[PDB]
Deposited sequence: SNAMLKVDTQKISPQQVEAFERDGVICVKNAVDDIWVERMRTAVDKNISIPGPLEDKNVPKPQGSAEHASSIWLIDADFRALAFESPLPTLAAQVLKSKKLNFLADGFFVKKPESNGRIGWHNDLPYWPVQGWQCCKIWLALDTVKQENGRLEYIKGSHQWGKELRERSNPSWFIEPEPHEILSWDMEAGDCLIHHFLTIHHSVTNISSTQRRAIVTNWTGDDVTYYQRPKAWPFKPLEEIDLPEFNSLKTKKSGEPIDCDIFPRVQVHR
């Protein structure tokens, strides 16, 4: 550490992430990255993802693991500022890229994604897990923004969407955090922070790229109904060979969950 070092995430923002479970980073990537990823999203939104067989309409267009086939998604994960931001908020010395994806709400056909946190969808366990949600369009409320229950990552509770457990009380409006965003801004949220996203009622699409990241204290855990949402034997891609031979408790590191420079 040098006396001249500056970090994109201020120490106060690092502390806000721990307190609230979510922060917003303005200008997370520059406009060159924005244009490159707009093209990559527009290219991949029309086809099933690498893990699907080449379609029912959801509340958003979504696929995962685009970096396996697309060099621009791969470059965003490994060459852009995003892995540096993830390392800064997790405060970890190791960093794994867990998965990428897109979520696009098209005005013709989208809807609300209900209250949930992300942990129950991923075969991991441990505190240092976060999602970076990179906006590629203007995102205010009318555009289908995300909103968060402040501090809910500290509750120690998993919430699958529409699971309706008795402990979960609908939040009061003043308990809900959100931001206005422009293309290139990102949200970074903890895997236990409960969030939802409202309907895009605007005339323009709401494109976002997601990257998921894990740090020092995380291990593999084959919880039910988690990504990749199908038996591993049904996936032929070589990156998954190293995951098939992995057992719970072991570090995440493998070809599908690769280590990234810190």
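Going by the record, the unmodelled stretches of the deposited sequence, in order, are 1-3, 58-60, 269-270.
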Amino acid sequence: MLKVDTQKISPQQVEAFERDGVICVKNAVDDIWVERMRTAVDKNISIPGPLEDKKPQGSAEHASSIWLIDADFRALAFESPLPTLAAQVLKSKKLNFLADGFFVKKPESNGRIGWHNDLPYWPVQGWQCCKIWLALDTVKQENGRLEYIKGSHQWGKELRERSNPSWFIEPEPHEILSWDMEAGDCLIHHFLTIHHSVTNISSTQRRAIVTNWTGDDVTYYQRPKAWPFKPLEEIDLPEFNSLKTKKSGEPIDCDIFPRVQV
From here on, numbers count along this sequence of modelled residues.
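The PDB entry records a higher mean C-alpha B factor for 102-110 than for its counterpart among 73-81 and 102-110. Between the stretches 62-70 and 222-230, it is 222-230 that shows the larger average CA temperature factor. Highest C-alpha temperature factor among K150, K94, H190, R145, as the PDB entry reports it: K94. Per-chain ranking of the deposited C-alpha B factor places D118 in the lowest third. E172 sits in the middle third of its chain by CA B factor, as recorded in the PDB entry.
Annotation for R36: CA B-factor lies in the lowest third of the chain's modelled residues.
In the PDB entry, a CA B factor belonging to the middle third of its chain's modelled residues is recorded for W179. Among the modelled residues of the chain, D185 sits in the lowest third by CA temperature factor in this PDB entry.
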